[PDB]
Amino acid sequence: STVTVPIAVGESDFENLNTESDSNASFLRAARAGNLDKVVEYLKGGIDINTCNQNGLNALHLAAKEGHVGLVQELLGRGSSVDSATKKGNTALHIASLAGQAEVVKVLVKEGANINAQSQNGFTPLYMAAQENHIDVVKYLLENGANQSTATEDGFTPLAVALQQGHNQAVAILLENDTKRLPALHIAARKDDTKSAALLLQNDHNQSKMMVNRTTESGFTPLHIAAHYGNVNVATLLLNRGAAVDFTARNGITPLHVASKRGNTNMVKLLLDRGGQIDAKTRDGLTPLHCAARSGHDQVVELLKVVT
């Protein structure tokens, strides 16, 4: 009876262990320490730039973990492939983001690292920077195209992990992105973020003054938004958690009005199934049927006529 976002755990740090072929190990230790001169010397000496440990970390991965900007530049300069993945499927960009190494993030991004790459647990750089509350990396990633909506295979998002981890600022930046002002649940409805919705809703159990039925200025609920954008999943969740199916906004507008006006067929279906009133009327006499007609959404009309 729990909603629980998965946590990116990072790479190991065996190279930090003081010793108390072996050329390779020593080379990786030099990378971990950020000793450019030593690393360059080994490379000149012929050691392979792609040398990695049992977990698949090369020197680029180690320099990035540790914020060694200069060294990251040198390795990149020498042909280190920006997006080599470790065995967990992490790129240097994942690692730097989890670790909050902002200058390193910049350097990798400018080198064309894939800003939306997913690890084999489905995590993105943004998910990592978000999980760990690395604000500046978050902002930087957003400003550079990173997509908040790229999700673990179970729909886990940066917003969801920021929420679970209690990170107010992260949550703010994530909610406030690409808008130039709705409540969070509403925004989660827009985005169709069931997990984040679930998280937000975890403390009202039992209709009117429930959080699931809070309104915006114009009296819309998360359910109205869901209906507007045609987000069936998040709508289903809200309705399961007690959203009033026939809740009227300004002008007696119901979620069914909204979905009918936007020709959102499956929303209409869902709302009907949950008992939404087929014939409710706006302050000016419109029915869901009329709203759809005035909008050429025939798909709906048909469906809507059948029911009657």
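Residue numbers start at 1 and run along the sequence shown. Heavy-atom basis, side chains included; hydrogens, waters and symmetry copies ignored.
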Minimum side-chain heavy-atom gap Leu238-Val212 below 4.5 Å
yes

Under 4.5 Å between any side-chain heavy atoms of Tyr140 and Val109, yes or no?
yes

Just how far is it from atom NZ of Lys281 to atom SG of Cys291, taken to the nearest 0.5 Å?
10.0 Å

Side chain of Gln148, backbone of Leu175: donor and acceptor closer than 3.5 Å?
no

Could you tell me which non-hydrogen atom of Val5 sits nearest to which non-hydrogen atom of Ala160, and how far apart they are?
CG1-O, 3.6 Å

Sequence neighbours left out, what pairs pass side chain to side chain donor-acceptor pair (under 3.5 Å) with at least one residue falling in residues 259-269?
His228-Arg262

Would you say that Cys52 contacts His61 through its side chain, given a criterion of any heavy-atom pair below 4.5 Å between the two side chains?
no

Results of side chain to side chain contact (heavy atoms under 4.5 Å, CB included) for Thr150 - residues two or more places apart only:
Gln118, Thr124, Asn147

Got a donor-acceptor contact below 3.5 angstrom from the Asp192 side chain to the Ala226 backbone?
no

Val72-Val39 co-clustered via ILVMFWY side chain contacts under 4.5 Å:
yes

Indicate whether any N or O donor in one side chain lies under 3.5 Å from an N or O acceptor in the other, for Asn53 and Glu15.
yes

Nearest heavy-atom approach of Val300 to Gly263 is CG2-CA, 3.8 Å

Derivation and outcome, side chain to side chain contact (heavy atoms under 4.5 Å, CB included), residues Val307 and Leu272
CA-CA 9 Å; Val307 162; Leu272 293 186; 3.7 Å; yes

Is it true that a side-chain atom of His297 and a backbone atom of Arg294 form a donor plus acceptor pair closer than 3.5 Å?
no

Check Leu223 against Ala235 and note the closest heavy-atom contact, atom names and distance.
CD1-CB, 4.0 Å

Specify the closest pair of heavy atoms between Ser23 and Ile47, including all atoms of both residues, with the distance to one decimal.
O-CD1, 3.9 Å

Do we see a donor-acceptor contact under 3.5 Å between the side chains of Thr194 and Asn233?
no

Does the side chain to side chain contact (heavy atoms under 4.5 Å, CB included) test come out yes or no for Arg78 and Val40, once each step is laid out?
CA-CA 10 Å; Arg78 280 185 184 251; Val40 154; 4.0 Å; yes

Within-4.5 Å side-chain heavy-atom neighbours: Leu28 and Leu62:
yes

Using the rule that two of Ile, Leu, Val, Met, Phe, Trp, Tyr join whenever any of their side-chain heavy atoms come within less than 4.5 Å, decide whether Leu75 and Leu93 are in one cluster.
yes

Non-hydrogen atoms of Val82 and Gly112 that approach each other most closely:
CG1-O, 4.3 Å

With a 3.5 Å distance limit and no angle check, can you tell me whether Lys88 reaches the backbone of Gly10 through a side-chain donor-acceptor pair?
yes

Looking at CG of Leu304 and CG of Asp298, how far apart are the two atoms once the value is rounded to the nearest 0.5 Å?
11.5 Å

Just wondering, are more than 12 heavy atoms of other shown residues or ligands nearer than 6.0 Å to CG in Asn168?
no

Test item: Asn213 side-chain N/O and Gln207 main-chain N/O as donor-acceptor pair under 3.5 Å
yes

Could you give the distance from CD1 (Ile135) to CD (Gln169), rounded to the nearest 0.5 Å?
5.0 Å

Check whether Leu108 and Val105 end up in the same hydrophobic cluster, where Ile, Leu, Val, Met, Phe, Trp and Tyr are linked by side-chain heavy atoms less than 4.5 Å apart.
yes

Joint cluster assignment, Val268 & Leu286, ILVMFWY side-chain distance < 4.5 Å
no

Less than 4.5 Å apart, side chain to side chain, heavy atoms only: is that true for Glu132 and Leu98?
yes

Where the side chain of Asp246 meets the backbone of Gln277, is there a donor-acceptor pair that is under 3.5 Å apart?
yes

Just by distance, with hydrogens left out, do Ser119 and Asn121 show a side-chain donor and acceptor under 3.5 Å apart?
no

Contact between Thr254 and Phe247 at the side-chain level, heavy atoms closer than 4.5 Å - yes or no?
no

Residue pair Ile7 / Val161, side-chain heavy-atom distance below 4.5 Å
yes

With a 4.5 Å heavy-atom cut-off, do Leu126 and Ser97 have their side chains touching?
no

Quick one: do the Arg274 and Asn240 side chains pair a donor with an acceptor below 3.5 Å?
yes

How long is the straight-line distance from NZ of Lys195 back to CG of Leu237, given to the nearest 0.5 Å?
7.5 Å

Would you check if the side chain of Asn251 reaches a backbone N or O of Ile253 as a donor-acceptor pair within less than 3.5 Å?
no

Who pairs with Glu66 by salt bridge (charged side-chain N to carboxylate O under 4.0 Å, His left out), at least two apart in sequence or on another chain?
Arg32

From CA spacing to verdict: side chain to side chain contact (heavy atoms under 4.5 Å, CB included), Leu271, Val245
CA-CA 7 Å; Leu271 294 166; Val245 68; 3.9 Å; yes

Can you name the nearest heavy-atom pair linking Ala189 to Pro222, along with the distance?
CB-O, 3.4 Å

Where the side chain of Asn58 meets the backbone of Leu60, is there a donor-acceptor pair that is under 3.5 Å apart?
yes

Rounding to 0.5 Å, atoms CG (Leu182) and CZ (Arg214) come to a distance of 14.5 Å

Just wondering, more than 12 heavy atoms not from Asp284 lying within 6.0 Å of its CG?
yes

For a side chain to side chain contact (heavy atoms under 4.5 Å, CB included) check, start with the C-alpha distance between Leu159 and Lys191, then their side-chain angles and the critical distance, and finish with the verdict.
CA-CA 11 Å; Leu159 169 66; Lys191 314 246 200 174; over 6 Å; no

Check: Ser218 side chain, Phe220 main-chain N or O, donor-acceptor pair, under 3.5 Å:
no

Please work out which of the three classes, parallel, tilted or perpendicular, describes the rings of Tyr127 and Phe123, given edges at 30° and 60°.
tilted

Residues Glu11 and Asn90: side-chain donor-acceptor under 3.5 angstrom:
yes

So, does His94 use its side chain to make a donor-acceptor pair with the main chain of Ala117 at under 3.5 Å?
yes

What distance do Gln164 atom CD and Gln202 atom CD have between them, rounded to the nearest 0.5 Å?
8.5 Å

